[PDB]
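Structure at a glance
In case you want the letters, here they are:
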4 protein chains.
Amino acid sequence: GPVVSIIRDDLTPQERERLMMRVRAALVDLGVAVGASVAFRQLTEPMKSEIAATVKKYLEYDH
Amino acid sequence: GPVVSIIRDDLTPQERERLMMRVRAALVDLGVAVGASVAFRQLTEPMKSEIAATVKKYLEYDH
Amino acid sequence: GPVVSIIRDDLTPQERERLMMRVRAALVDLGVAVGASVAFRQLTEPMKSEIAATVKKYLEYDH
Amino acid sequence: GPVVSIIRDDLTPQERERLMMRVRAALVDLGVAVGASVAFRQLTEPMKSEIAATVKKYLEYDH
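Residues numbered from 1 in each chain as written, not as in the entry; some residues may be left out. Chains lettered and ligands numbered in written order. Heavy atoms only, no water.

Going by the header, the method for this PDB entry is X-ray crystallography, and the resolution given is 1.50 Å.

Below is the structure:
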């Protein structure tokens, strides 16, 4: 029953690639914004640490 | 000499806020993309570590 | 013959798959949006219940 | 002052509204797709239950 599989099946290769491409695009955009900030010397070390900790919290990366 | 100051002076409060708002916007977008990925269980621990390391490299955050 | 069947016949496998793919695509998009919301801690328990009840109402799922 | 707050502060009203609008838009799209499916009598009771359970799982709604 193909129709049941359409509702039930885990993410397809194309769907998984789409989700990961959104992560990649956000990472590129963050590098662009941070690259400009760092060039204008706008991020102190505590500010860098807070950005890094925010991202680790998003990732549920417990380090 | 106001005209000279317009070329020479360091970033104004408004310019600094604009640069930092772009960082914030990219951080929100990354949280949105990562939030969706983590919900679909798409990020393994090594993939999380690589994303975190990429951001630290952008930040020139040597930890 | 054939021309009458083209108007009268029930949905073909291809047409049924197209309809169910649109349901799947909307479910993925809802998981993406909800995944981001839940990551930013934006949905309280009553809000979750209201979203679930909305979907059950769409489905005509009387539970 | 301000620049630190731009990195640190919790989501603003505008940002919260944008996140919730994406949930609303996905819910409308799911109602559109399900509305078409139900009209063509394409969802059995078990299929409805599976869609509802998928959404509750997204929501982390433990009912």
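For helix α3 (residues 45–59) of chain B, spanning 15 residues, the distance from its first C-alpha to its last is 21 Å, which sits close to the expected 21 Å at 1.5 Å a residue. Those residues of α3(B) that are buried are in contact with α2 (13–39) and α3 (45–59) of chain A together with α2 (13–39) of chain B. (Helix = DSSP H or I, 4+ residues; strand = E, 2+ residues; numbered from the N terminus. Expected span 1.5 Å × (residues − 1). Contact = heavy atoms within 4.5 Å.)

One frequent convention defines the size of an interface as the accessible area lost when the parts assemble. Taken residue by residue, the interface counts 33 residues in chain C and 33 residues in chain D. Buried area between chain C and chain D, both sides added, is near 3,200 Å², and the carbon and sulfur share of it is 75%. Area buried by chain C at its contact with chain D is led by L27(C), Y58(C) and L59(C), which between them contribute 20% of it. Joining chain C to chain D, the criterion identifies zero salt bridges. Linking chain C with chain D are eight residue pairs in polar contact, by the criterion used here. Only α2 (13–39) and α3 (45–59) of chain C provide two or more residues apiece to the side of chain C that touches chain D. Of the residues forming the side of chain C that touches chain D, the biggest block, 16 residues, is contributed by α2(C). The residue inventory of the side of chain C that touches chain D, partitioned by class, reads 21 nonpolar, five polar and seven charged. (Buried area = accessible area lost by both parts, 1.4 Å probe. Salt bridge = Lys/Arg side-chain N within 4 Å of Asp/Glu carboxyl O. Polar contact = N/O pair within 3.5 Å; in protein donor to acceptor, adjacent residues only side chain to side chain. Nonpolar A, V, L, I, M, F, W, Y, C, P; charged D, E, K, R; others polar.)

Next up on the list: the relation of the copies chain C and chain D. Mapping chain C onto chain D calls for a screw motion: a turn of 180 degrees about the axis and a shift of 0.0 Å along it, with 0.0 Å RMSD after fitting. Both copies are brought into coincidence by an operation consistent with a two-fold rotation axis. Relative to the rotation axis, the closest C-alpha in chain C is found at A26(C), a distance of 3.2 Å. Here 100% of the interface residues in chain C have copies in chain D that are interface residues too; the copies meet face to matching face. (Least-squares fit on C-alpha atoms.)

The two chain copies are connected by a rotation around an axis plus a translation along it. Each copy superposes on the other: chain B lies on chain A with an RMSD of 0.0 Å after a rotation of 180 degrees and an axial shift of 0.0 Å. Comparing interface residues between copies, 100% of those in chain B also lie at the interface in chain A; the contact surface is shared.

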